[PDB]
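Below, in structure tokens: the form deposited in one PDB entry, a single chain.
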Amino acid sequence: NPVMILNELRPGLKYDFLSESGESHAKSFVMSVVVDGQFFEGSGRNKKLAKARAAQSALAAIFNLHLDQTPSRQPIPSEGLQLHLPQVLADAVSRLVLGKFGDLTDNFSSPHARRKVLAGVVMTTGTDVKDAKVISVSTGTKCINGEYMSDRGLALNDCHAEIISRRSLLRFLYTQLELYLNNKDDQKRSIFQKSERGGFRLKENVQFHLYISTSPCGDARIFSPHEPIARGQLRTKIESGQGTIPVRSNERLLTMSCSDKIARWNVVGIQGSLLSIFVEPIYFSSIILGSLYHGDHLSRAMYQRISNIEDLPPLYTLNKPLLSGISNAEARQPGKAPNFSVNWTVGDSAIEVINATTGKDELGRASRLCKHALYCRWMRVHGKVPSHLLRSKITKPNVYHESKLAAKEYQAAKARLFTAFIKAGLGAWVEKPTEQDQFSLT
């Protein structure tokens, strides 16, 4: 009992009413108090719970961190307890992504603030709390309906929020690249550097953390949250929808589940193939779950299930980031999922709104985040790049797939990841129709 333990420890300590959003199948409250001179916070869909979590927050931070059920504890990464406590890092990133979402959604009064899933990327450069900035923000829980896949890179295949956040992260990564390889006055203030091995690398101590308001679909969610206490298969998403099915073993096309995709990023990096031709691989340092966190299942699904992996290409590893949930977890909303996806990256004017079921925008235009637009920015970068900084002999490219193919080493990493999955008995990844990349900027 949070309220009871705190008001038995401390004197009579009443509070006041702060926030009131929605009603019925959607409502939200937030409470704050001052205990021993503090300003703690608590969020919940009814008043008694908002304050109760504010109480457990105040207690854990002030006297000693709360002792809870064990599966709700976070596993520290292979390296890094530097970002203060891991749980405090989670609270920080979560509040940051919520705050920027509030900014983009005219402070939650916009109709797009109704979201079933919220995702975000956060960049940090220094252990001090000030040195932290929200890179991108996104929403979405649906996928392109197979009937509307546009082949020439004009449709978004996957608008689950965490996917959209990674794609905005790439949109930010290219911009930092042009910052470095633009007017060289931008080279001092940049996240990039020429690599100590030939090519491009990130500056030391600049990290990225991933936030999802919930556990990613697929393997990291397949568990009973009210019975914490051997299968890790790959799963594919269901037609234009939330929820995943496992793959058969060794008729419409499937998109891989979000747990599977997060694994892939934990092996071959978040930058993808084209970016690999230029930058050294980049790995998320932490994963923050708004809700539905179970340390065991999350760890299984993110990297542990493919610990049978070997033959790590030069500069690749099985990335084992920090896993953690947030202190004040979100709660389940029964009901249908929106048909839209919201994306925003740092430096952007406004949010962008895509219809998740068509992958083209609310008006019918392709996205600032689809294959075609990303290729054009990649071509911009290939133009003004010194011809010797490239990592493979990517000679002036003509087609999206082939340019992707020039990332021989990235592709080696993909090969060994698929090997790890089949050798583990978890099934065979579902590769997209290859023709979905057979276009140029023509």
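A residue's number is simply how far along the shown sequence it sits, counting from 1. If you superpose the two forms and keep the largest set of C-alpha atoms that fall within 1.5 Å, you have the rigid core.
The protein also exists as the form deposited in another entry; that form is not presented, and the subsequent description refers to it.
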{"property": "Residue from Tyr316, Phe192, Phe223, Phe340 whose Cα, after superposing the rigid core, lies 2 Å or more away between the shown form and the other one", "result": "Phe223"}
{"property": "Large Cα move at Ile351 between the shown form and the other one, threshold 2 Å, rigid core", "result": "no"}
{"property": "Threshold 2 Å Cα movement between the shown form and the other one at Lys396, rigid core reference", "result": "yes"}
{"property": "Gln242 C-alpha shift between the shown form and the other one of 2 Å or more, rigid core reference", "result": "yes"}
{"property": "Note on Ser240-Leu118 C-alpha separation in the other entry, which departs from the shown form by 3 angstroms or more", "result": "farther"}
{"property": "Cα separation of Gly241 and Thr139 in the other entry versus here, shift of 3 Å or more", "result": "farther"}
